[PDB]
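Peer 1: Handing you a structure now.
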Amino acid sequence: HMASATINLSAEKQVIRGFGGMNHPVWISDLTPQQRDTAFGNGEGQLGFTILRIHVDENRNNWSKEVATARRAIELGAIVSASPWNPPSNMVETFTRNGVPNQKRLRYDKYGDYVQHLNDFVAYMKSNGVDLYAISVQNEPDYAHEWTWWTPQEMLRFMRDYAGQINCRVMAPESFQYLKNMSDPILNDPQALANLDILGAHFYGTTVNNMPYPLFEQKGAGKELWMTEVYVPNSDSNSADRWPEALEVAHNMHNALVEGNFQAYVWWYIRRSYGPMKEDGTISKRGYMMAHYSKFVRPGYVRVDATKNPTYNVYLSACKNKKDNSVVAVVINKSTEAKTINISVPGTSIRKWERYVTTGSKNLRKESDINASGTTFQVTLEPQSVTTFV
């Protein structure tokens, strides 16, 4: 016996929008000129990110701080999305939430004023060379101990009655854990849904069984699905090179793509001691896990149906470039054993497969090509490894 996986290039799933991370030049230091290139270029030694997330500061005097990094990302081919943490203080009021006093929410009489704030940010960025791809209603409205809370009902009212006035794609609701109670009302209201452009979600503590979303599959035509913030499996200091811990990053991305049908996967801080880029400006193990997807599965490629878990501890995803029907497969082997599988790609003309491998001891190493037996390809996966086949 040898386990088999089949990649079905005719069974198209979601179109990939891209991968990236956060810049926050108010809370932490901005990316440097070199770091911007390492993040958003796709050359040797670069992450290949194509999505930058930024924050919408409540104080407009901080907006200028975003511009250089956002513009450089765009020069390098990325798109930029922005999320607010709080409205300006003159729009906020306090309330008691589950017995905890002094919590913040948007005043019910300030929904229109909040639209204007968001539009002012969009306009400021446009005036300074940054055409935002999208703007969000609220970062983590359901985990707002340290920012602004929105109930599902409040979020729905905004999406239904106000968000059509926003001069940008609208992203919502960015639940901290992809809690469907925050998004169901939007999807179930035709006007709110019409005003939505991107269903955004974070993945903190989101289990695999909570990654599918039948209601979105039913109602989300013409809407994008983005995982707009996570770090996994922790934010421990100086953890970004830990192995085999870093394989959790690859596995989480596999799960987002295959179990969640996500079109985008966006880390928290790009440069951080637990992030994809270390403080010394070089790529971490966690960053190489991202790169196995980001450098190869380019915007516009389409995920296809493929045997997702062909043998225990082995996870496989595949995407296709519609321009030439070429294929990118990302295969994770979490076992301490080597694993040999057959990969069948019926109907492909491809016969030579290149492979790049990361383990605890090498990063995106180009290994020997594999020559196919017709439309089947036999591959031995090193222990505790990620391999991208192209």
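Peer 1: Report the equivalent ellipsoid semi-axes for the range 83-167 in whole Å, largest first, defined as the square roots of five times the eigenvalues of the gyration tensor built from alpha carbon atoms.
Peer 2: Working: eigenvalues 116, 34, 26 Å².
Working through the eigenvalues yields semi-axes of 24, 13, 11 Å.
Peer 1: Here is a further query. Under a 5 Å amide H to amide H cut-off, with H placed in plane at 1.01 Å, what residues pair with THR6 once short-range neighbours are removed?
Peer 2: Amide H neighbours of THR6: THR307, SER344.
Peer 1: Let me ask you something else. When the Cα centres of the range 24-39 and the range 54-107 are compared, how far apart do they sit, in Å?
Peer 2: 18 Å
Peer 1: Arrange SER344, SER89, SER175 by Cβ neighbour counts within 10 Å, fewest through most, would you? If you can, show how the numbers build up before the last one.
Peer 2: On the way: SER344 19, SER89 10, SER175 25.
The most exposed by this proxy come first: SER89, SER344, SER175.
Peer 1: Quote the relative contact order of the range 17-299 in percent (integer), defining contacts as alpha-carbon pairs under 8 Å separated by 6+ residues. List each step's numbers first, then the result.
Peer 2: Working: 568 pairs, mean separation 53.4, N = 283.
Relative contact order for the range 17-299 comes out at 19 percent.
Peer 1: Counting other Cβ atoms within 10 Å, which GluC sites (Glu not before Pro) in the range 68-152 have at most 14 and lie in a DSSP loop?
Peer 2: Working: sites: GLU75, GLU93, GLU146; in loops: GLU146.
Filter output for the range 68-152: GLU146.
Peer 1: Mind pulling the per residue volume of the convex hull built on the Cα atoms of the range 168-246? Å³ is fine. If you can, show how the numbers build up before the last one.
Peer 2: Working: hull volume 8.6 nm³, N = 79.
Each residue corresponds to 109 Å³ of Cα convex hull volume.
Peer 1: For a quick check of your reading of the filter: which trypsin sites (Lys or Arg not before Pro) in the range 302-390 sit in a DSSP loop and have no more than 11 other Cβ atoms within 10 Å? Please report the intermediate quantities before stating the final value.
Peer 2: Details: sites: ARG303, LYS308, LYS320, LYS322, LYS323, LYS334, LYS339, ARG351, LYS352, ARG355, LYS362, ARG365, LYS366; in loops: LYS308, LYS322, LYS323, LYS334, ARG351, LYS362.
Taking the range 302-390 and a limit of 11 other Cβ atoms within 10 Å, the loop trypsin sites (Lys or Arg not before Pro) found are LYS323.
Peer 1: When a/c reaches 1.5 or more, the comparison of a/b and b/c decides; with that in mind, is the range 283-390 rounded, prolate or oblate per its Cα gyration tensor? The partial results should precede the final answer.
Peer 2: Values: a/c = 1.63, a/b = 1.22, b/c = 1.33.
Oblate.
Peer 1: From the square roots a ≥ b ≥ c of the eigenvalues of the alpha-carbon gyration tensor of the range 1-108, which class results: rounded (a/c under 1.5), prolate (a/b over b/c), or oblate? Let's see the in-between values first.
Peer 2: Numbers: a/c = 2.94, a/b = 1.50, b/c = 1.96.
Oblate.
Peer 1: Of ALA123, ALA372, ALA11, which is the most mobile in a GNM of the chain whose springs link Cα atoms less than 10 angstrom apart?
Peer 2: The residue that fluctuates most here is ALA11.
Peer 1: So how do 139-145, 39-45 stack up, highest first, on mean other-Cβ count within 10 Å? Don't skip to the answer; put the middle values down first.
Peer 2: Details: 139-145: 19.7, 39-45: 16.6.
Answer by packing, highest mean first, reads 139-145, 39-45.
Peer 1: Using the alpha carbons of the range 17-299, what is the convex hull volume per residue in cubic angstrom, as a whole number?
Peer 2: On the way: hull volume 34.9 nm³, N = 283.
Enclosed volume per residue, from the Cα hull, is 123 Å³.
Peer 1: Continuing with the same structure: Can you sort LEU52, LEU47 so the residue with the fewest Cβ neighbours within 10 Å comes first?
Peer 2: Starting with the residue having the fewest Cβ neighbours, the order is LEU47, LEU52.
Every read-out reported here was derived from the displayed coordinates using simple, explicitly stated rules and does not represent laboratory data. FYI the Cβ positions are ideal-geometry reconstructions off the backbone, even for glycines, and counts take in every protein chain you see.
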